[PDB]
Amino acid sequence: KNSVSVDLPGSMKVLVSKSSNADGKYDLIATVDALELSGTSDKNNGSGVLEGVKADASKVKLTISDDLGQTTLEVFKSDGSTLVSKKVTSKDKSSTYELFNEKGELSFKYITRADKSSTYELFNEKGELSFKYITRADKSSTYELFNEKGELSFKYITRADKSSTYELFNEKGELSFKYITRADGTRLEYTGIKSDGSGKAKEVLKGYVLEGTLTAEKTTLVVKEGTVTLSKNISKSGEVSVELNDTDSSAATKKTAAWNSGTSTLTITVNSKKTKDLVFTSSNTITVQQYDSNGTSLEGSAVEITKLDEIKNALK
């Protein structure tokens, strides 16, 4: 009436009496979803426990910690013990919200955190965490499926630029297949991944695919023509380097190559003359440009490669 209104976490309020009740305590009153909750406290700062009973005898309990640091709102069945739902909120605005099945086991949990991530945990009919969806401030979304052991079955991540990664795990919990889709549509496919991190690799480009291997430290894709093998290495971070070897032992015909990481360019030499620049562009394309017979100036214009056979031709 002249009761004191106290502001709480998660936007709630409680009224605290100025006078004692029959039991020598302060009366607390709050309203939540139209149910008036009431409780008593030794303290008048707004902390304490308040309870209400719905028409169906469901019991609602609001617990406000002694220092106003958190509030918990529980809805129980008529037994006063089997949870229907629980919401816990901090002043820092983070909250958890839990729903339960008819057994009182989890059906759903939502967590919003200080870092502005939001997690949705979905449970199966037996109350086992089976699926998790998480949004983060960097605008990524992650989807995770869990099996009976509570270990990851698959994990799918999308980013705001529409690139994505998919990881699949075997029954030992180990990564067994991975599929990366870049923002530009090109892709990396890793198949038959082993416990030591090794597996088969393919880079799917516009017009052609480059195949090779994955190890812990690196992806290496190879193109072979005659005795020449070109290798495109991709680091874990996505950094591309390229190298060439020719097992031809004849000096007039053996290809060698130099890599300029600053310009992402491989320069091929035959018989002490620079012959071509292969540029590995930021578009995940390859261009080829010839040098003059002097081996010092590039001629014409660089040409975008469209097919594997054109890479092979450049290696001849």
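Note that residue numbering begins at 1 and tracks the sequence as displayed.
Here the stretch with the larger average CA B-factor, out of 216 to 224 and 80 to 88, is 216 to 224. With 272 to 280 and 29 to 37 compared on mean CA B-factor from the PDB entry, the stretch scoring higher is 29 to 37. If you compare the C-alpha temperature factors of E74, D246, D138, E203 in the entry, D138 comes out highest. Across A160, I193, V242, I157, the entry's maximum B-factor at the CA atom is seen for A160. In the PDB entry, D184 places in the middle third of its chain by CA B-factor. Ranked by Cα temperature factor within the chain, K178 sits in the lowest third according to the deposited record.
In the PDB entry, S198 places in the highest third of its chain by CA B-factor.
The PDB entry assigns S153 a C-alpha temperature factor belonging to the middle third of its chain's modelled residues. Remark: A55 belongs to the middle third of its chain, ranked by C-alpha B-factor as recorded.
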